[PDB]
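**Student:** This is data.cif, which holds mmCIF, C-alpha atoms and all ligand atoms:
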```cif
data_target
loop_
_atom_site.label_atom_id
_atom_site.label_comp_id
_atom_site.auth_asym_id
_atom_site.auth_seq_id
_atom_site.Cartn_x
_atom_site.Cartn_y
_atom_site.Cartn_z
CA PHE A 1 3.71 9.89 -35.95
CA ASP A 2 1.25 11.21 -38.55
CA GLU A 3 -1.89 13.05 -37.35
CA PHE A 4 -4.70 14.35 -39.55
CA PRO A 5 -6.81 17.40 -38.67
CA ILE A 6 -10.53 17.19 -37.88
CA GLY A 7 -10.87 20.90 -38.56
CA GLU A 8 -9.61 24.31 -37.42
CA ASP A 9 -8.54 24.64 -33.76
CA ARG A 10 -11.18 26.25 -31.51
CA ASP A 11 -11.02 28.59 -28.55
CA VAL A 12 -13.96 28.18 -26.24
CA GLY A 13 -14.04 29.64 -22.76
CA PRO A 14 -10.66 29.08 -21.09
CA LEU A 15 -9.78 26.21 -23.45
CA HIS A 16 -7.88 25.87 -26.70
CA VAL A 17 -9.20 22.71 -28.35
CA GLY A 18 -7.74 20.84 -31.32
CA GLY A 19 -9.18 17.75 -32.96
CA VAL A 20 -7.10 15.14 -34.82
CA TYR A 21 -7.60 11.64 -36.10
CA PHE A 22 -5.33 8.83 -37.30
CA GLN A 23 -5.16 5.02 -37.38
CA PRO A 24 -6.79 3.08 -34.54
CA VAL A 25 -4.41 2.41 -31.68
CA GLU A 26 -3.88 -0.30 -29.07
CA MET A 27 -4.40 1.05 -25.55
CA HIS A 28 -3.66 -0.35 -22.13
CA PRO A 29 -6.01 -1.03 -20.58
CA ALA A 30 -8.56 -0.87 -23.40
CA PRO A 31 -10.82 2.02 -22.25
CA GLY A 32 -14.55 1.80 -21.59
CA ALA A 33 -16.64 0.43 -24.45
CA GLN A 34 -14.41 1.51 -27.34
CA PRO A 35 -13.80 -0.69 -30.43
CA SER A 36 -10.51 -2.61 -30.56
CA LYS A 37 -7.63 -1.54 -32.82
CA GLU A 38 -8.84 -4.08 -35.42
CA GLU A 39 -12.53 -3.16 -35.28
CA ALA A 40 -12.17 0.60 -35.17
CA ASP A 41 -12.09 2.97 -38.13
CA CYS A 42 -9.77 5.49 -36.50
CA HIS A 43 -8.55 7.03 -33.27
CA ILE A 44 -9.83 10.55 -32.58
CA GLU A 45 -8.27 12.89 -30.02
CA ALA A 46 -9.14 16.13 -28.36
CA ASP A 47 -6.09 18.15 -27.47
CA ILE A 48 -7.10 20.56 -24.76
CA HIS A 49 -4.92 23.24 -23.22
CA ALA A 50 -5.57 26.34 -21.18
CA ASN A 51 -5.69 29.63 -23.06
CA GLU A 52 -5.17 33.08 -21.59
CA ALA A 53 -8.63 32.96 -19.93
CA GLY A 54 -7.52 29.75 -18.23
CA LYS A 55 -5.03 31.67 -16.12
CA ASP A 56 -7.90 32.87 -13.91
CA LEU A 57 -8.63 29.22 -12.95
CA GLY A 58 -4.99 28.78 -11.93
CA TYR A 59 -3.77 26.82 -14.96
CA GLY A 60 -0.52 27.68 -16.60
CA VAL A 61 -1.30 29.02 -20.04
CA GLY A 62 -0.69 26.28 -22.60
CA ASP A 63 -0.81 23.48 -20.07
CA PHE A 64 -2.90 20.34 -20.46
CA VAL A 65 -6.23 20.64 -18.60
CA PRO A 66 -6.90 17.36 -16.73
CA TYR A 67 -10.05 15.89 -15.17
CA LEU A 68 -12.40 17.11 -17.90
CA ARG A 69 -15.28 14.95 -19.08
CA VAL A 70 -15.24 14.96 -22.88
CA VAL A 71 -17.94 13.38 -25.03
CA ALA A 72 -17.94 13.39 -28.84
CA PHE A 73 -21.11 13.29 -30.92
CA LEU A 74 -20.87 12.29 -34.57
CA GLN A 75 -23.71 12.80 -37.04
CA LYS A 76 -23.53 12.10 -40.75
CA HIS A 77 -25.05 14.85 -42.91
CA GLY A 78 -28.57 14.02 -43.92
CA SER A 79 -28.97 11.52 -41.07
CA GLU A 80 -30.91 11.74 -37.82
CA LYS A 81 -28.65 9.15 -36.13
CA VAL A 82 -26.16 10.53 -33.61
CA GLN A 83 -23.26 8.53 -32.20
CA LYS A 84 -22.21 9.32 -28.67
CA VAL A 85 -18.60 8.50 -27.80
CA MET A 86 -17.13 9.01 -24.35
CA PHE A 87 -13.50 10.03 -24.59
CA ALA A 88 -11.03 8.80 -22.01
CA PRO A 89 -7.88 10.51 -20.72
CA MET A 90 -4.71 8.80 -21.97
CA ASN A 91 -1.06 9.34 -22.96
CA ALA A 92 0.40 8.91 -26.44
CA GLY A 93 4.03 9.43 -27.32
CA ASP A 94 3.15 13.10 -27.58
CA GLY A 95 1.56 13.36 -24.16
CA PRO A 96 -1.78 13.47 -22.32
CA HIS A 97 -5.01 14.04 -24.26
CA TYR A 98 -8.61 12.84 -24.36
CA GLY A 99 -9.42 10.29 -27.01
CA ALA A 100 -11.16 7.23 -28.36
CA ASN A 101 -11.00 4.60 -31.00
CA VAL A 102 -14.25 5.04 -32.96
CA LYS A 103 -16.24 3.64 -35.87
CA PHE A 104 -18.02 5.91 -38.32
CA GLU A 105 -21.22 3.95 -38.20
CA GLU A 106 -22.87 5.31 -41.32
CA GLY A 107 -19.81 4.88 -43.48
CA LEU A 108 -17.91 7.27 -45.72
CA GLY A 109 -19.12 10.84 -46.03
CA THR A 110 -19.45 14.18 -44.30
CA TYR A 111 -20.08 14.24 -40.54
CA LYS A 112 -20.78 16.90 -37.98
CA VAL A 113 -18.29 16.30 -35.12
CA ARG A 114 -19.03 17.96 -31.79
CA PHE A 115 -16.92 17.72 -28.61
CA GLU A 116 -18.84 18.60 -25.41
CA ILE A 117 -16.42 19.40 -22.64
CA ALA A 118 -17.62 19.35 -19.04
CA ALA A 119 -15.52 20.80 -16.24
CA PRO A 120 -13.87 18.67 -13.55
CA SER A 121 -16.62 17.25 -11.37
CA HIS A 122 -17.18 19.02 -8.06
CA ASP A 123 -16.87 15.50 -6.71
CA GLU A 124 -13.34 15.17 -8.15
CA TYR A 125 -11.51 18.53 -8.18
CA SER A 126 -11.35 21.76 -6.17
CA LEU A 127 -10.09 25.34 -6.36
CA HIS A 128 -8.31 27.40 -3.70
CA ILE A 129 -10.62 30.46 -3.32
CA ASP A 130 -9.01 32.30 -0.47
CA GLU A 131 -7.72 35.76 -1.33
CA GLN A 132 -4.11 34.89 -0.53
CA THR A 133 -3.49 31.68 -2.46
CA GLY A 134 -6.69 31.33 -4.46
CA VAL A 135 -8.02 31.97 -7.95
CA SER A 136 -10.68 34.43 -9.11
CA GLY A 137 -12.08 32.18 -11.81
CA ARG A 138 -14.50 29.27 -11.56
CA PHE A 139 -15.44 26.23 -13.62
CA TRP A 140 -18.16 26.49 -16.24
CA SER A 141 -21.50 24.93 -15.37
CA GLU A 142 -22.66 23.85 -18.85
CA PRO A 143 -20.29 21.90 -21.10
CA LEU A 144 -18.22 23.93 -23.57
CA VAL A 145 -18.57 23.01 -27.24
CA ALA A 146 -15.95 22.68 -29.95
CA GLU A 147 -17.48 21.56 -33.19
CA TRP A 148 -16.80 21.06 -36.87
CA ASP A 149 -19.77 20.92 -39.19
CA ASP A 150 -18.15 19.37 -42.26
CA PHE A 151 -15.58 16.77 -41.32
CA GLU A 152 -14.94 14.45 -44.25
CA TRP A 153 -14.50 10.75 -43.38
CA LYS A 154 -12.96 9.56 -46.62
CA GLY A 155 -11.57 6.34 -45.23
CA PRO A 156 -8.20 5.38 -43.83
CA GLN A 157 -5.26 7.54 -44.84
CA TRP A 158 -2.94 4.73 -43.73
CA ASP B 1 5.18 32.14 1.29
CA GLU B 2 5.57 28.36 1.10
CA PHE B 3 7.59 26.32 3.57
CA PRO B 4 9.27 23.03 2.62
CA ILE B 5 8.45 19.77 4.32
CA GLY B 6 11.95 18.67 3.30
CA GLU B 7 14.12 18.24 0.23
CA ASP B 8 12.39 17.39 -3.04
CA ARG B 9 12.48 13.68 -3.91
CA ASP B 10 12.79 11.92 -7.25
CA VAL B 11 11.02 8.58 -7.16
CA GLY B 12 10.48 6.55 -10.30
CA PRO B 13 9.20 8.88 -13.01
CA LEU B 14 8.14 11.52 -10.48
CA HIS B 15 9.76 14.58 -8.95
CA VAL B 16 7.87 15.16 -5.69
CA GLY B 17 8.01 18.26 -3.51
CA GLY B 18 6.19 18.75 -0.23
CA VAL B 19 5.29 22.17 1.11
CA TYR B 20 3.00 23.64 3.74
CA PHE B 21 1.59 27.06 4.48
CA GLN B 22 -1.53 28.62 5.96
CA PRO B 23 -4.88 26.77 5.73
CA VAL B 24 -6.87 27.72 2.61
CA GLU B 25 -10.55 27.80 1.63
CA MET B 26 -11.41 25.33 -1.12
CA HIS B 27 -14.42 25.05 -3.38
CA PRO B 28 -15.91 22.58 -2.99
CA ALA B 29 -14.56 21.64 0.45
CA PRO B 30 -12.82 18.32 -0.20
CA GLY B 31 -13.64 15.05 1.53
CA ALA B 32 -13.64 15.50 5.27
CA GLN B 33 -10.65 17.85 5.48
CA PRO B 34 -10.85 20.55 8.18
CA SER B 35 -12.09 24.01 7.20
CA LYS B 36 -9.71 26.95 6.87
CA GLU B 37 -10.66 27.81 10.44
CA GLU B 38 -10.25 24.38 12.02
CA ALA B 39 -6.98 23.54 10.27
CA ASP B 40 -3.37 24.02 11.31
CA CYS B 41 -2.05 24.33 7.77
CA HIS B 42 -2.46 23.34 4.13
CA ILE B 43 -0.02 20.67 2.85
CA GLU B 44 0.65 20.12 -0.87
CA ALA B 45 2.39 17.50 -2.93
CA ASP B 46 3.84 19.12 -6.03
CA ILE B 47 4.25 16.27 -8.51
CA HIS B 48 5.79 16.64 -11.96
CA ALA B 49 7.30 14.18 -14.40
CA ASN B 50 11.08 13.79 -14.38
CA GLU B 51 13.24 12.46 -17.22
CA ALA B 52 12.05 8.87 -16.60
CA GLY B 53 8.46 10.09 -17.02
CA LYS B 54 9.17 10.53 -20.73
CA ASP B 55 8.81 6.74 -21.04
CA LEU B 56 5.16 7.16 -20.01
CA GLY B 57 4.51 9.93 -22.53
CA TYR B 58 4.85 12.87 -20.15
CA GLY B 59 6.81 15.96 -21.02
CA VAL B 60 9.50 16.63 -18.43
CA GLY B 61 8.19 19.07 -15.84
CA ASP B 62 4.52 18.37 -16.70
CA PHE B 63 2.06 18.01 -13.82
CA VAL B 64 1.08 14.33 -13.51
CA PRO B 65 -2.72 14.12 -13.10
CA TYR B 66 -5.02 11.29 -11.91
CA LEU B 67 -2.69 10.07 -9.16
CA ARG B 68 -4.01 9.06 -5.76
CA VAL B 69 -1.89 10.63 -3.03
CA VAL B 70 -2.20 9.89 0.70
CA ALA B 71 0.04 11.24 3.46
CA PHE B 72 0.86 9.52 6.74
CA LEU B 73 2.05 11.60 9.68
CA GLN B 74 3.61 10.11 12.79
CA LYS B 75 4.96 12.29 15.61
CA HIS B 76 8.32 11.18 16.98
CA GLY B 77 7.62 9.39 20.26
CA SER B 78 4.10 8.32 19.33
CA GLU B 79 2.84 5.09 17.83
CA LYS B 80 -0.19 6.82 16.35
CA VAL B 81 -0.32 7.47 12.61
CA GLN B 82 -2.62 10.06 11.11
CA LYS B 83 -3.70 9.47 7.53
CA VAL B 84 -4.48 12.40 5.21
CA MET B 85 -6.14 11.90 1.81
CA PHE B 86 -4.97 14.54 -0.59
CA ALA B 87 -7.22 15.90 -3.33
CA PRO B 88 -6.43 17.34 -6.75
CA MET B 89 -7.00 21.12 -6.92
CA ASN B 90 -5.72 24.38 -8.40
CA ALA B 91 -4.10 27.18 -6.46
CA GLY B 92 -3.05 30.48 -8.02
CA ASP B 93 0.17 28.68 -8.90
CA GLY B 94 -1.45 25.65 -10.58
CA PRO B 95 -2.66 22.02 -10.23
CA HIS B 96 -1.36 19.97 -7.31
CA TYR B 97 -2.52 17.46 -4.70
CA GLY B 98 -3.28 18.94 -1.33
CA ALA B 99 -5.21 19.04 1.89
CA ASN B 100 -5.94 21.19 4.88
CA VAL B 101 -4.48 19.37 7.90
CA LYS B 102 -4.80 19.55 11.66
CA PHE B 103 -1.90 17.79 13.40
CA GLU B 104 -3.74 15.56 15.84
CA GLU B 105 -0.68 15.06 18.05
CA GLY B 106 0.25 18.73 18.02
CA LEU B 107 3.64 20.43 17.95
CA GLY B 108 6.74 18.37 17.38
CA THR B 109 8.87 16.45 14.91
CA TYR B 110 7.07 14.14 12.47
CA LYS B 111 7.82 11.41 10.01
CA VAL B 112 5.88 12.46 6.88
CA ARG B 113 5.27 9.84 4.17
CA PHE B 114 3.53 10.46 0.82
CA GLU B 115 2.30 7.30 -0.90
CA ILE B 116 1.53 7.92 -4.56
CA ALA B 117 -0.64 5.47 -6.53
CA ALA B 118 -0.78 5.46 -10.30
CA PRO B 119 -3.98 6.37 -12.13
CA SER B 120 -6.66 3.63 -11.82
CA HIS B 121 -6.75 1.31 -14.86
CA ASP B 122 -10.39 2.40 -14.76
CA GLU B 123 -9.37 6.05 -15.07
CA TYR B 124 -6.51 6.38 -17.54
CA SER B 125 -4.88 4.55 -20.48
CA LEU B 126 -1.63 4.47 -22.46
CA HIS B 127 -1.23 4.08 -26.21
CA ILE B 128 0.96 0.96 -26.50
CA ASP B 129 1.20 0.50 -30.28
CA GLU B 130 4.66 0.92 -31.78
CA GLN B 131 3.62 3.80 -33.98
CA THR B 132 2.02 6.20 -31.52
CA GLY B 133 2.55 4.63 -28.10
CA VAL B 134 4.90 4.65 -25.13
CA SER B 135 7.28 1.99 -23.77
CA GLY B 136 6.66 2.56 -20.07
CA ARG B 137 3.88 1.22 -17.87
CA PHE B 138 2.49 2.63 -14.64
CA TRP B 139 3.91 1.45 -11.36
CA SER B 140 2.01 -1.18 -9.40
CA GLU B 141 2.93 -0.47 -5.78
CA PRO B 142 2.57 3.13 -4.63
CA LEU B 143 5.73 5.25 -4.90
CA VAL B 144 6.93 6.68 -1.63
CA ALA B 145 8.36 10.08 -0.82
CA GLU B 146 9.27 10.35 2.84
CA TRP B 147 10.77 12.90 5.20
CA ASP B 148 11.91 11.55 8.57
CA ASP B 149 12.32 14.77 10.55
CA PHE B 150 9.66 17.31 9.62
CA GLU B 151 9.48 19.94 12.35
CA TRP B 152 5.97 21.24 12.96
CA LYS B 153 6.63 24.39 14.98
CA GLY B 154 3.26 26.03 14.59
CA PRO B 155 2.02 28.70 12.17
CA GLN B 156 4.76 30.61 10.40
CA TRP B 157 2.24 33.20 9.11
ZN ZN A 201 -3.60 25.14 -31.71
ZN ZN A 202 -3.09 27.48 -27.32
ZN ZN A 203 -6.01 29.88 -28.45
ZN ZN A 204 -2.07 -2.71 -16.57
ZN ZN A 205 -1.24 18.48 -25.88
ZN ZN A 206 -23.54 17.95 -46.44
ZN ZN A 207 -1.12 14.25 -30.91
ZN ZN A 208 -4.99 8.85 -28.09
ZN ZN A 209 12.64 20.12 -7.17
ZN ZN A 210 13.90 16.06 -10.53
ZN ZN A 211 -19.21 25.24 -7.62
ZN ZN A 212 3.15 22.70 -9.95
ZN ZN A 213 7.39 22.59 -8.98
ZN ZN A 214 2.65 26.09 -4.55
ZN ZN A 215 -3.57 23.42 -2.32
#
```
What's the structure tokens form of this structure?
Ligand SMILES: [Zn+2]
Ligand SMILES: [Zn+2]
Ligand SMILES: [Zn+2]
Ligand SMILES: [Zn+2]
Ligand SMILES: [Zn+2]
Ligand SMILES: [Zn+2]
Ligand SMILES: [Zn+2]
Ligand SMILES: [Zn+2]
Ligand SMILES: [Zn+2]
Ligand SMILES: [Zn+2]
Ligand SMILES: [Zn+2]
Ligand SMILES: [Zn+2]
Ligand SMILES: [Zn+2]
Ligand SMILES: [Zn+2]
Ligand SMILES: [Zn+2]

**Tutor:**
Amino acid sequence: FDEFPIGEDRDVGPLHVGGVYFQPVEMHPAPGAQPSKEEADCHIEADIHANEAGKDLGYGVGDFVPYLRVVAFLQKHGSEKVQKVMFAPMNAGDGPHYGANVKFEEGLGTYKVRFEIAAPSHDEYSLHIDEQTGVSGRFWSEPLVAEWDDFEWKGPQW
Amino acid sequence: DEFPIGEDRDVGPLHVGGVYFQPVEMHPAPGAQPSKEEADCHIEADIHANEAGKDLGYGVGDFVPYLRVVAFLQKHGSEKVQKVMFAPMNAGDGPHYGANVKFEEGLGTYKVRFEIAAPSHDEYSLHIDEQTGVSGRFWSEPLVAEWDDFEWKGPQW
């Protein structure tokens, strides 16, 4: 299917992060508080894989990194209003990613788009740390940031 | 070195391997699993998508995250069943579900059963539109991978 870029891919910490958007989708179940397919403007996704620095956490380089907590913030240029969107983990036909249907609440124009990526909760995920079978890396304590300062929402491209 | 619990199983969209080896130290220490010191071994469920997993959007061979995996161990000759909640974690060789385990009934032959629940509807979603979505849906009853004659003969390390 057709995907449109949010901006240039980013490397931040042990993650390679891409941002794409396309038409709103129907999801099962419908996640969190996201707008329906009909009410949304688009679906936005964060593609997140481990880069070379990820190998120290035990991920295979290039593999999807699960259990992250990803939140997008959208802010139209010239506006003080910031939208906070919690992404959910989900599969499309092209595999696991984090994503959301979203509305651009201040309409057409240029937005700053910022993904804040928190590590797997210490309540949810662990690392082997023994010398024999363990890893020498550790999760990051403050969320990593991938952002694009000049994303143009010029309306549906579909 | 890793030791097999038994032959790998394919069940539904999942290829499931079970292995065990020496107890490990985990950060943070999961649930109420025994420490490296208290434990007999570490058991892991290695779970990747098989060909049928493509219908759910997975690439074949991909780790399948957000599952809930619980093991049941019953020594031959006993009516007692020990339940072990596995946790998701990384080792040097990647993401898996695992736990440190102490075999309450000790040395002997065990039935070992992994019950694998799909991601909570709370936790995970599928695109289901024709354009970008998948045709499969998650399973409702937990998938089972079971080995009837696992021989626990003590540390092999
Ligand atoms: Zn890329
Ligand atoms: Zn990459
Ligand atoms: Zn990269
Ligand atoms: Zn359902
Ligand atoms: Zn991907
Ligand atoms: Zn501007
Ligand atoms: Zn995609
Ligand atoms: Zn999506
Ligand atoms: Zn196999
Ligand atoms: Zn297989
Ligand atoms: Zn920590
Ligand atoms: Zn693996
Ligand atoms: Zn494997
Ligand atoms: Zn392993
Ligand atoms: Zn493990």

**Student:** Residues of chain B that approach chain A to 10 Å or less, counting only C-alpha atoms: could you list each one with the shortest pair of atoms and its distance in Å to one decimal, rows by chain and increasing residue number, as CSV?

**Tutor:**
```
residue,atom,partner,partner_atom,distance
B:1,CA,A:133,CA,9.5
B:21,CA,A:133,CA,9.8
B:22,CA,A:133,CA,9.2
B:23,CA,A:130,CA,9.3
B:24,CA,A:130,CA,5.9
B:25,CA,A:130,CA,5.2
B:26,CA,A:128,CA,4.5
B:27,CA,A:127,CA,5.3
B:28,CA,A:126,CA,5.6
B:29,CA,A:126,CA,7.4
B:30,CA,A:126,CA,7.0
B:31,CA,A:123,CA,8.9
B:36,CA,A:130,CA,9.1
B:54,CA,A:93,CA,8.4
B:55,CA,A:93,CA,8.3
B:56,CA,A:91,CA,7.2
B:57,CA,A:95,CA,4.8
B:58,CA,A:95,CA,5.2
B:59,CA,A:95,CA,6.6
B:62,CA,A:63,CA,8.1
B:63,CA,A:64,CA,8.6
B:64,CA,A:66,CA,9.1
B:65,CA,A:66,CA,6.4
B:66,CA,A:67,CA,7.6
B:87,CA,A:125,CA,7.0
B:88,CA,A:125,CA,5.4
B:89,CA,A:126,CA,4.5
B:90,CA,A:127,CA,4.9
B:91,CA,A:128,CA,5.0
B:92,CA,A:58,CA,4.7
B:93,CA,A:58,CA,6.0
B:94,CA,A:58,CA,4.9
B:95,CA,A:59,CA,6.8
B:97,CA,A:125,CA,9.7
B:98,CA,A:126,CA,9.8
B:120,CA,A:29,CA,9.9
B:121,CA,A:29,CA,6.2
B:122,CA,A:31,CA,7.5
B:123,CA,A:89,CA,7.4
B:124,CA,A:90,CA,5.4
B:125,CA,A:90,CA,4.5
B:126,CA,A:91,CA,4.9
B:127,CA,A:27,CA,4.4
B:128,CA,A:27,CA,5.4
B:129,CA,A:26,CA,5.3
B:130,CA,A:26,CA,9.0
B:131,CA,A:1,CA,6.4
B:132,CA,A:93,CA,5.7
B:133,CA,A:92,CA,5.1
B:134,CA,A:93,CA,5.3
B:135,CA,A:93,CA,8.9
B:137,CA,A:28,CA,8.8
```

**Student:** Could you please determine the separation between CA of residue 84 in chain B and CA of residue 44 in chain B in Å, to one decimal place?

**Tutor:** 11.1 Å

**Student:** Provide the CA of residue 12 in chain A to CA of residue 52 in chain A distance in Å, to one decimal place.

**Tutor:**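 Going from CA of residue 12 in chain A over to CA of residue 52 in chain A covers 11.1 Å.
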
**Student:** I'd like the interatomic distance between CA of residue 75 in chain B and atom ZN of ligand ZN 213 (chain A), to a tenth of an Å.

**Tutor:**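 Separation of CA of residue 75 in chain B and atom ZN of ligand ZN 213 (chain A): 26.8 Å.
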
**Student:** As a VMD selection string, please: the residues near residue 61 in chain B (cut-off 9 Å, only C-alpha atoms, same-chain neighbours under 5 positions excluded).

**Tutor:** chain B and resid 15 47 to 51

**Student:** Taking only C-alpha atoms and all ligand atoms into account, which of B:12, B:6, B:17, B:106 comes nearest ligand ZN 209 (chain A)?

**Tutor:**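 Nearest to ligand ZN 209 (chain A): B:17.
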
**Student:** For the interface of chain B with ligand ZN 209 (chain A) (cut-off 9 Å, counting all atoms listed in the file), please tabulate each contacting residue of chain B alongside its nearest pair of atoms and their separation in Å to one decimal, rows sorted by chain and increasing number, as JSON lines.

**Tutor:**
```
{"residue": "B:7", "atom": "CA", "partner": "A:ZN209", "partner_atom": "ZN", "distance": 7.8}
{"residue": "B:8", "atom": "CA", "partner": "A:ZN209", "partner_atom": "ZN", "distance": 5.0}
{"residue": "B:9", "atom": "CA", "partner": "A:ZN209", "partner_atom": "ZN", "distance": 7.2}
{"residue": "B:10", "atom": "CA", "partner": "A:ZN209", "partner_atom": "ZN", "distance": 8.2}
{"residue": "B:15", "atom": "CA", "partner": "A:ZN209", "partner_atom": "ZN", "distance": 6.5}
{"residue": "B:16", "atom": "CA", "partner": "A:ZN209", "partner_atom": "ZN", "distance": 7.0}
{"residue": "B:17", "atom": "CA", "partner": "A:ZN209", "partner_atom": "ZN", "distance": 6.2}
{"residue": "B:46", "atom": "CA", "partner": "A:ZN209", "partner_atom": "ZN", "distance": 8.9}
```

**Student:** Residues within 7 Å of ligand ZN 201 (chain A) (only C-alpha atoms and all ligand atoms), as JSON, numbers by chain?

**Tutor:** {"A": [9, 16, 17, 18]}

**Student:** Find the residues with any atom within 10 Å of (-3.8, 11.1, 8.7); use all atoms listed in the file and the coordinates as given in the file, and write the answer as a PyMOL selection string.

**Tutor:** chain B and resi 70-74+80-86+101-104+112

**Student:** Please save C-alpha atoms of the selected residues as a JSON list (two decimals), keeping the file's coordinate frame.

**Tutor:**
```
[["chain", "number", "residue", "atom", "x", "y", "z"],
["B", 70, "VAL", "CA", -2.20, 9.89, 0.70],
["B", 71, "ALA", "CA", 0.04, 11.24, 3.46],
["B", 72, "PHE", "CA", 0.86, 9.52, 6.74],
["B", 73, "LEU", "CA", 2.05, 11.60, 9.68],
["B", 74, "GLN", "CA", 3.61, 10.11, 12.79],
["B", 80, "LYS", "CA", -0.19, 6.82, 16.35],
["B", 81, "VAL", "CA", -0.32, 7.47, 12.61],
["B", 82, "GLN", "CA", -2.62, 10.06, 11.11],
["B", 83, "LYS", "CA", -3.70, 9.47, 7.53],
["B", 84, "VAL", "CA", -4.48, 12.40, 5.21],
["B", 85, "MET", "CA", -6.14, 11.90, 1.81],
["B", 86, "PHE", "CA", -4.97, 14.54, -0.59],
["B", 101, "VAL", "CA", -4.48, 19.37, 7.90],
["B", 102, "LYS", "CA", -4.80, 19.55, 11.66],
["B", 103, "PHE", "CA", -1.90, 17.79, 13.40],
["B", 104, "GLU", "CA", -3.74, 15.56, 15.84],
["B", 112, "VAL", "CA", 5.88, 12.46, 6.88]]
```

**Student:** If the box runs along x, y and z of the file and leaves 5 Å on each side of range 70-88 of chain A, what are its centre and edge lengths in Å, one decimal, as lines of an AutoDock Vina configuration file?

**Tutor:**
```
center_x = -21.0
center_y = 11.7
center_z = -33.0
size_x = 29.9
size_y = 16.5
size_z = 31.9
```

**Student:** What are the closest atom pairs, with distances in Å to one decimal, for each residue of chain A lying within 8 Å of ligand ZN 202 (chain A), using all atoms listed in the file, rows by chain and rising residue number, as CSV?

**Tutor:**
```
residue,atom,partner,partner_atom,distance
A:15,CA,A:ZN202,ZN,7.8
A:16,CA,A:ZN202,ZN,5.1
A:17,CA,A:ZN202,ZN,7.8
A:49,CA,A:ZN202,ZN,6.2
A:50,CA,A:ZN202,ZN,6.7
A:51,CA,A:ZN202,ZN,5.4
A:61,CA,A:ZN202,ZN,7.7
A:62,CA,A:ZN202,ZN,5.4
```

**Student:** Restricting the calculation to only C-alpha atoms: of A:104, A:46, A:143, A:36, which residue gets closest to residue 10 in chain A?

**Tutor:**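 Under the stated criterion, the closest residue is A:46.
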
**Student:** Hey, which of B:140, B:156, B:33, B:78 ends up closest to residue 109 in chain B? Count all atoms listed in the file.

**Tutor:**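 Checking each of B:140, B:156, B:33, B:78 against residue 109 in chain B, counting all atoms listed in the file, the winner is B:78.
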
**Student:** As a PDB file, in the frame of the given file, could you write out range 50-60 of chain B once it has been completed with N, CA, C and O atoms?

**Tutor:**
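For reference, rebuild_24.pdb as written:
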```
ATOM      1  N   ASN B  50       9.647  13.585 -14.150  1.00  0.00           N
ATOM      2  CA  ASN B  50      11.080  13.790 -14.380  1.00  0.00           C
ATOM      3  C   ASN B  50      11.480  13.136 -15.701  1.00  0.00           C
ATOM      4  O   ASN B  50      10.610  12.729 -16.485  1.00  0.00           O
ATOM      5  N   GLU B  51      12.785  13.035 -15.962  1.00  0.00           N
ATOM      6  CA  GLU B  51      13.240  12.460 -17.220  1.00  0.00           C
ATOM      7  C   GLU B  51      12.685  11.058 -17.488  1.00  0.00           C
ATOM      8  O   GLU B  51      12.363  10.717 -18.636  1.00  0.00           O
ATOM      9  N   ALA B  52      12.579  10.237 -16.446  1.00  0.00           N
ATOM     10  CA  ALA B  52      12.050   8.870 -16.600  1.00  0.00           C
ATOM     11  C   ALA B  52      10.563   8.848 -16.966  1.00  0.00           C
ATOM     12  O   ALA B  52      10.041   7.833 -17.439  1.00  0.00           O
ATOM     13  N   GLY B  53       9.889   9.969 -16.740  1.00  0.00           N
ATOM     14  CA  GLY B  53       8.460  10.090 -17.020  1.00  0.00           C
ATOM     15  C   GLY B  53       8.207  10.184 -18.506  1.00  0.00           C
ATOM     16  O   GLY B  53       7.087   9.959 -18.966  1.00  0.00           O
ATOM     17  N   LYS B  54       9.251  10.522 -19.264  1.00  0.00           N
ATOM     18  CA  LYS B  54       9.170  10.530 -20.730  1.00  0.00           C
ATOM     19  C   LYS B  54       8.749   9.158 -21.268  1.00  0.00           C
ATOM     20  O   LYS B  54       8.083   9.061 -22.295  1.00  0.00           O
ATOM     21  N   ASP B  55       9.150   8.087 -20.587  1.00  0.00           N
ATOM     22  CA  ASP B  55       8.810   6.740 -21.040  1.00  0.00           C
ATOM     23  C   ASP B  55       7.294   6.494 -20.929  1.00  0.00           C
ATOM     24  O   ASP B  55       6.756   5.577 -21.534  1.00  0.00           O
ATOM     25  N   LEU B  56       6.613   7.307 -20.133  1.00  0.00           N
ATOM     26  CA  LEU B  56       5.160   7.160 -20.010  1.00  0.00           C
ATOM     27  C   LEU B  56       4.402   8.120 -20.902  1.00  0.00           C
ATOM     28  O   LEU B  56       3.180   8.091 -20.915  1.00  0.00           O
ATOM     29  N   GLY B  57       5.123   8.967 -21.632  1.00  0.00           N
ATOM     30  CA  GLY B  57       4.510   9.930 -22.530  1.00  0.00           C
ATOM     31  C   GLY B  57       4.461  11.333 -21.954  1.00  0.00           C
ATOM     32  O   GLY B  57       4.025  12.271 -22.618  1.00  0.00           O
ATOM     33  N   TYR B  58       4.905  11.513 -20.714  1.00  0.00           N
ATOM     34  CA  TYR B  58       4.850  12.870 -20.150  1.00  0.00           C
ATOM     35  C   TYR B  58       5.978  13.733 -20.658  1.00  0.00           C
ATOM     36  O   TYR B  58       7.054  13.242 -20.949  1.00  0.00           O
ATOM     37  N   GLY B  59       5.729  15.029 -20.782  1.00  0.00           N
ATOM     38  CA  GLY B  59       6.810  15.960 -21.020  1.00  0.00           C
ATOM     39  C   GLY B  59       7.481  16.247 -19.685  1.00  0.00           C
ATOM     40  O   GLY B  59       6.808  16.319 -18.646  1.00  0.00           O
ATOM     41  N   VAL B  60       8.802  16.394 -19.686  1.00  0.00           N
ATOM     42  CA  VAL B  60       9.500  16.630 -18.430  1.00  0.00           C
ATOM     43  C   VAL B  60       9.005  17.928 -17.805  1.00  0.00           C
ATOM     44  O   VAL B  60       8.898  18.948 -18.487  1.00  0.00           O
TER      45      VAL B  60
END
```
